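Listed next as structure tokens is one chain, alone, in the form deposited in one PDB entry.
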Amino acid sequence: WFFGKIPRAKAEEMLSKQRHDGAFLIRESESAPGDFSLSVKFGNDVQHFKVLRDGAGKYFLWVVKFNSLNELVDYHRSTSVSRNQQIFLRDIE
């Protein structure tokens, strides 16, 4: 799935002819040095997602973080508070 530094338009060309939603490639972005981009076919067009990096060197596309404790709590009523177990928050009685 890794296509090196192929032009963005060529990635769109290849993916547009793909039959299945989700057909994808990783390419090296012509924008900023050292960047990676994920191009994916979805429906009638091709979408591009920047591969992000953090200070530790890790990769990610998107992460969920919260502007308030209240939003963290409400989010974890339906997503587990633990990576290793399914634990969902319920109000104290």
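Start at 1 with the first residue shown and count on from there.
Per the PDB record, of the two stretches 26-34 and 62-70, 26-34 carries the greater mean B-factor over its C-alpha atoms. The entry lists a Cα temperature factor for residue 76 that places it in the middle third of the chain's modelled residues.
Below: the form solved in complex with a partner chain, not depicted.
Although the partner is absent from this view, residue 44 stays clear of its partner chain in the entry with it bound, with no non-hydrogen atom inside 4.5 angstroms. In the two-body rigid motion between the shown form and the other one, the C-alpha atoms of residue 38 and residue 23 are best fitted by the same superposition. In the entry with it bound, the CA atoms of residue 79 and residue 22 come closer by at least 3 angstroms compared with the shown structure. Cα-Cα spacing of residue 56 to residue 83 is enlarged in the entry with it bound versus the present form (difference of at least 3 Å).
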